[PDB]
Amino acid sequence: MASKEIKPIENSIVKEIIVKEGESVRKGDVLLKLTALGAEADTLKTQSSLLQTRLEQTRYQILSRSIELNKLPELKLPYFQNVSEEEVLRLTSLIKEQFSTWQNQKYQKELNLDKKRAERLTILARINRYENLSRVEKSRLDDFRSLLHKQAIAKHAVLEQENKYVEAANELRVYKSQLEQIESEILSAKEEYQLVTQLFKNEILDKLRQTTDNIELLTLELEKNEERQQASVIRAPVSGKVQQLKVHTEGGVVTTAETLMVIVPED
Amino acid sequence: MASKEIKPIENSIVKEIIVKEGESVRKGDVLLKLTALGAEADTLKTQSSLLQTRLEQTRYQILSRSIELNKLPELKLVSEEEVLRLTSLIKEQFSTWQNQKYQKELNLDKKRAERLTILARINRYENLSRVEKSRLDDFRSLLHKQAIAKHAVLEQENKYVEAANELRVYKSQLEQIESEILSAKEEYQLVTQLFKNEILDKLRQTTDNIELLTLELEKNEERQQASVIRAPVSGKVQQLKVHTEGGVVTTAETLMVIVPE
């Protein structure tokens, strides 16, 4: 009577061989335990990916807090027990570069803003000065005109004084328009200053969202990987004696093409 | 017996001759009426003085009003070349005053401009000092966490203290310029203060002098009244100077003679 060949339905790793050579088994008995080839590998890869993603999450949470503090919090990891510390110092160092870059951007936006405010101060000074000047020369002009109602001064001086007044007035006009322009520019500068931290915070909580989502996905994936690395049993399809048992393939690879053992019917 | 000469006791003007040639007169009778020459002279001169004092009085009165108006009134009240001298002098005084006010005011305005500059610098370095202070804090906390050069941190210190000291200096400057501005203000006030004081000092004096010259004019007018020469003895009037009415006679000259009868 024909011997029945026992072959894996997929490429596998022999975990445990239960039967022995020559042993009689009945249909349904356990012969050996197998795991899918690559399952363990996949699990480890998902674990490592998960670890990295958690690290980067931690980085962006610490940055997120650094924005609200406007200072760096304690740079420590909060699972992480055997994380290489040079990984930790690389991470903290990235945190430091990002934070310092942010504060520098804020600082130079602030410098620009302050220079604009200085411009405004100068312009305002000029405006007030020419307000006073226009006033005194206007009153002096009126005086001179009354002096030419009563023939007490030359017309020449009167019209030169007019010229003075009109001069001062025009100057005043010019500086006022300038003030309008500079005021507008100052509001713009303010908006840029806000824009720095606006963008930075956006980036930070977008990468926080991304790290959390990816962690969840990798968690589902990790569940799948962990379940798939679980051992399956090959049972005896018929009753009989176990022969040609590959007794030393435990921990070794067997493909779907290869015969693990054969079962020879006894009756 | 000798004939008696009739001569004035001072230089005089014969106003009216009462007696006639050959007329018999008694001791005490009126011969003529005369006025002192210097009496009339004095009267004319006090009149002219009074006129002048009134002119300058009006001048300082209208100037006095011109101060409160800050403008020339009228200018109307006598020789018109006097009127033009007076009006033009008024104009020089007033214009001089307004010019003085004008340049005290220019000075004051330059002081105010300086103050503006100082305030601008003060505010700019207030902002700057704040910004560099915040950067300093940032750096110090950055090396609480070992993220920056110590070099950079204390160089930042240097920046901040620089700005702060600058601010100090500029503040002291502001105080000085403020004091100077108050000084300038007081000078500006002082111009019109002095001008008004002198003007109603000359008003006081011109009014007082007007009153004095008025009393004096009364005295002179009374003194300008005609006196009578009476006959010192009785007799006949001879050698009567019929042609001295309205004319001046000296102490040396004989008005007439009286021959005893």
# chains A, B, ... in the order shown; residues from 1 in each chain; ligands from 1
call {"tool": "interface_residues", "arguments": {"of": "chain A", "to": "chain B", "cutoff": "9 Å", "atoms": "only C-alpha atoms", "output": "MDAnalysis selection string"}}
result
chainID A and resid 70:75 93 96:97 100 103 107 110:111 114:115 117:118 121:122 124:126 128:129 132:133 136 140 143 146:147 150 152:153
call {"tool": "write_last_selection", "arguments": {"atoms": "N, CA, C and O atoms", "output": "compact mmCIF listing (two decimals), in the first residue's frame"}}
result
# COMPACT_ATOMS: atom_id res chain seq x y z
N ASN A 70 8.58 78.40 25.50
CA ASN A 70 9.60 79.25 24.88
C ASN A 70 10.98 78.92 25.45
O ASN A 70 11.88 79.76 25.47
N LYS A 71 11.13 77.68 25.90
CA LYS A 71 12.39 77.17 26.41
C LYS A 71 12.33 75.65 26.29
O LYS A 71 11.24 75.07 26.24
N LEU A 72 13.49 75.01 26.26
CA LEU A 72 13.55 73.56 26.15
C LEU A 72 13.19 72.90 27.47
O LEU A 72 13.66 73.32 28.53
N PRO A 73 12.35 71.86 27.42
CA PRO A 73 12.06 71.13 28.66
C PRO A 73 13.20 70.17 28.93
O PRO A 73 14.17 70.18 28.17
N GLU A 74 13.13 69.36 29.99
CA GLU A 74 14.17 68.37 30.20
C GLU A 74 14.16 67.39 29.05
O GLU A 74 13.12 66.84 28.69
N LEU A 75 15.34 67.15 28.47
CA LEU A 75 15.41 66.33 27.28
C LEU A 75 15.73 64.90 27.68
O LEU A 75 16.89 64.49 27.72
N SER A 93 19.76 66.19 20.05
CA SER A 93 20.53 67.16 19.29
C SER A 93 19.66 67.74 18.18
O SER A 93 19.70 68.95 17.94
N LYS A 96 17.43 70.27 19.70
CA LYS A 96 18.17 71.50 19.92
C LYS A 96 18.34 72.33 18.65
O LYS A 96 18.17 73.55 18.68
N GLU A 97 18.66 71.68 17.53
CA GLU A 97 18.83 72.43 16.28
C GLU A 97 17.51 73.09 15.86
O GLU A 97 17.48 74.27 15.50
N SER A 100 16.56 76.00 18.39
CA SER A 100 17.44 77.16 18.22
C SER A 100 17.16 77.89 16.91
O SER A 100 17.18 79.12 16.86
N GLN A 103 13.96 79.99 17.47
CA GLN A 103 14.23 81.19 18.25
C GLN A 103 15.05 82.22 17.46
O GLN A 103 14.87 83.43 17.64
N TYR A 107 14.00 85.94 16.47
CA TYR A 107 14.90 87.02 16.86
C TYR A 107 15.19 87.99 15.73
O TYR A 107 15.28 89.20 15.96
N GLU A 110 12.17 89.99 14.89
CA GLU A 110 12.04 91.00 15.93
C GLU A 110 13.00 92.16 15.70
O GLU A 110 12.65 93.32 15.91
N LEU A 111 14.22 91.84 15.26
CA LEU A 111 15.19 92.88 14.92
C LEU A 111 14.66 93.78 13.81
O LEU A 111 14.71 95.01 13.91
N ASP A 114 11.99 96.02 15.05
CA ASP A 114 12.52 97.09 15.89
C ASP A 114 13.13 98.19 15.03
O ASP A 114 13.06 99.37 15.37
N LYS A 115 13.73 97.80 13.91
CA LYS A 115 14.30 98.78 12.99
C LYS A 115 13.19 99.61 12.35
O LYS A 115 13.32 100.83 12.18
N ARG A 117 10.28 100.19 13.78
CA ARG A 117 9.81 101.07 14.85
C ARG A 117 10.73 102.28 15.02
O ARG A 117 10.27 103.39 15.31
N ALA A 118 12.03 102.06 14.83
CA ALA A 118 13.01 103.14 14.91
C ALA A 118 12.76 104.15 13.79
O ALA A 118 12.78 105.37 14.02
N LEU A 121 9.96 106.25 14.74
CA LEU A 121 10.35 107.26 15.72
C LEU A 121 11.00 108.48 15.05
O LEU A 121 10.64 109.62 15.35
N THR A 122 11.95 108.23 14.15
CA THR A 122 12.61 109.32 13.43
C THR A 122 11.59 110.17 12.66
O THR A 122 11.58 111.41 12.77
N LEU A 124 8.34 110.46 13.11
CA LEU A 124 7.47 111.20 14.04
C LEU A 124 8.17 112.44 14.59
O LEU A 124 7.56 113.51 14.70
N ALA A 125 9.45 112.29 14.93
CA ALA A 125 10.24 113.42 15.41
C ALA A 125 10.24 114.54 14.37
O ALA A 125 9.97 115.70 14.69
N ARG A 126 10.53 114.17 13.12
CA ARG A 126 10.51 115.13 12.03
C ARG A 126 9.15 115.81 11.90
O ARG A 126 9.07 117.04 11.76
N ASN A 128 6.73 116.29 14.15
CA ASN A 128 6.45 117.24 15.22
C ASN A 128 7.28 118.51 15.05
O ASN A 128 6.77 119.63 15.19
N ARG A 129 8.56 118.32 14.72
CA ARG A 129 9.45 119.45 14.48
C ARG A 129 8.90 120.40 13.42
O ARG A 129 8.89 121.63 13.61
N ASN A 132 5.75 122.37 14.65
CA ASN A 132 6.15 123.57 15.37
C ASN A 132 6.68 124.65 14.43
O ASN A 132 6.28 125.82 14.53
N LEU A 133 7.57 124.26 13.52
CA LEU A 133 8.16 125.20 12.58
C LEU A 133 7.10 125.87 11.71
O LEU A 133 7.10 127.09 11.53
N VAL A 136 5.19 128.49 13.95
CA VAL A 136 5.89 129.74 14.22
C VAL A 136 5.99 130.58 12.95
O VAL A 136 5.77 131.80 12.98
N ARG A 140 4.35 134.25 12.32
CA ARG A 140 5.25 135.30 11.88
C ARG A 140 4.75 135.90 10.56
O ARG A 140 4.84 137.11 10.34
N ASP A 143 1.81 138.12 11.33
CA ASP A 143 2.40 139.33 11.87
C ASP A 143 2.85 140.26 10.75
O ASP A 143 2.44 141.42 10.71
N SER A 146 0.04 141.90 8.80
CA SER A 146 -0.54 143.02 9.52
C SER A 146 0.41 144.22 9.50
O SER A 146 -0.03 145.37 9.52
N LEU A 147 1.71 143.94 9.44
CA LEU A 147 2.70 145.00 9.27
C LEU A 147 2.65 145.63 7.87
O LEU A 147 3.12 146.74 7.67
N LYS A 150 -0.38 148.25 7.59
CA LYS A 150 -0.09 149.56 8.17
C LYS A 150 1.24 150.15 7.71
O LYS A 150 1.76 151.07 8.33
N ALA A 152 4.48 149.01 7.68
CA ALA A 152 5.55 148.97 8.67
C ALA A 152 6.68 148.03 8.27
O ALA A 152 7.65 147.85 9.00
N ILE A 153 6.54 147.41 7.10
CA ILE A 153 7.52 146.45 6.63
C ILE A 153 7.47 146.42 5.10
O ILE A 153 6.51 146.90 4.51
call {"tool": "residues_around", "arguments": {"residues": "residue 15 of chain A", "least_positions_apart": "3", "cutoff": "7 Å", "atoms": "only C-alpha atoms", "output": "VMD selection string"}}
result
chain A and resid 33 to 35 250 to 251
call {"tool": "write_last_selection", "arguments": {"atoms": "N, CA, C and O atoms", "output": "CSV table (one decimal), in the first residue's frame"}}
result
chain,number,residue,atom,x,y,z
A,33,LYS,N,5.3,20.9,14.7
A,33,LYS,CA,4.8,22.3,14.7
A,33,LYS,C,5.7,23.2,13.8
A,33,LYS,O,6.9,23.1,13.8
A,34,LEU,N,5.0,24.1,13.1
A,34,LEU,CA,5.7,24.9,12.0
A,34,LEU,C,5.3,26.3,12.1
A,34,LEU,O,4.3,26.7,12.6
A,35,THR,N,6.3,27.2,11.7
A,35,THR,CA,6.0,28.6,11.6
A,35,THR,C,6.2,29.1,10.2
A,35,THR,O,7.1,28.6,9.5
A,250,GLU,N,14.7,21.0,12.9
A,250,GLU,CA,14.2,21.9,13.9
A,250,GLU,C,15.0,23.2,13.9
A,250,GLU,O,16.2,23.2,14.2
A,251,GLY,N,14.3,24.3,13.7
A,251,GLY,CA,15.0,25.6,13.6
A,251,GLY,C,15.5,25.8,12.1
A,251,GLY,O,16.0,26.8,11.8
call {"tool": "closest_residue", "arguments": {"among": "A:56, A:119, A:5, A:267", "to": "residue 244 of chain A", "atoms": "only C-alpha atoms"}}
result
A:5
call {"tool": "closest_residue", "arguments": {"among": "B:56, B:19, B:13, B:157", "to": "residue 256 of chain B", "atoms": "only C-alpha atoms"}}
result
B:19
call {"tool": "residues_around", "arguments": {"residues": "segment 17-26 of chain A", "least_positions_apart": "2", "cutoff": "8 Å", "atoms": "only C-alpha atoms", "output": "list in words"}}
result
residues 14, 15, 28, 29, 30, 31, 32, 33, 236, 238, 239, 240, 241, 242, 243, 244, 245, 247 and 250 of chain A
call {"tool": "residues_around", "arguments": {"residues": "residue 171 of chain A", "least_positions_apart": "2", "cutoff": "12 Å", "atoms": "only C-alpha atoms", "output": "ChimeraX atom specification"}}
result
/A:123,126-134,164-169,173-178
call {"tool": "select_by_dssp", "arguments": {"residues": "segment 18-165 of chain B", "states": "helix (DSSP H, G or I)", "output": "PyMOL selection string"}}
result
chain B and resi 37-69+80-142+150-165
